[PDB]
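Taking the form deposited in one PDB entry, here's one chain by itself in structure tokens.
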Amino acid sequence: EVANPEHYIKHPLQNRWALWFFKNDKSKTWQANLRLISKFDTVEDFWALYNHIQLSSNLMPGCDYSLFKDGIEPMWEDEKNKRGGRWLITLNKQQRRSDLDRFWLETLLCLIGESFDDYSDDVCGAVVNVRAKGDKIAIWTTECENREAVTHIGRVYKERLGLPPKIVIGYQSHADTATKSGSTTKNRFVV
């Protein structure tokens, strides 16, 4: 007979995740300010990491944290983000004190807990952006043309964040990021 697993084995997650950190410098290629921190594939290892890092709210504005599935870099150019998009959560100044941190953690839980049923396979990662003009949080998916999976994720996510239901959020494809001048950024889906 062997020993009992629940007693000593760690709680494995669906996928192994990687945490990346961005530091602005506005004097270096965007890619060069992007650095990997570490990875993990268990609930315990997740908390070990989370517990020893600054709360997004305490970071110097201009930085971002990013949690994506191992193998998927947190950038548009990636094979898995190229055709994708993101559900964006735009916060106001005040919300940096009341919601940023909790919102970001809930995002993290949705990611590692695979809280979107089979549609959690279309998820690439999430990223938090600390900015003085207003913070932002977003969940990236691989195919912005996959409305069924995209609308499902948006709903659950918005519901998991618990923000007032009357507040609508939009989903935008990375490929349409304005490139002209403002050119007006828009949404493929809304919930």
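Rigid core here is just the name for the largest C-alpha set that superposes within 1.5 Å across the two forms. Residue numbers here begin at 1 and follow the sequence given.
Another form, the form deposited in another entry, is not on view; read the next lines as being about it.
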{"query": "Flag for residue 51, CA shift 2 Å or larger between this form and the one not shown after aligning core", "finding": "no"}
{"query": "Flag for residue 178, CA shift 2 Å or larger between this form and the one not shown after aligning core", "finding": "yes"}
{"query": "Direction of C-alpha distance change in the other form, residue 90 to residue 56 (at least 3 Å)", "finding": "farther"}
{"query": "Note on residue 78-residue 178 C-alpha separation in the other form, which departs from the shown form by 3 angstroms or more", "finding": "closer"}
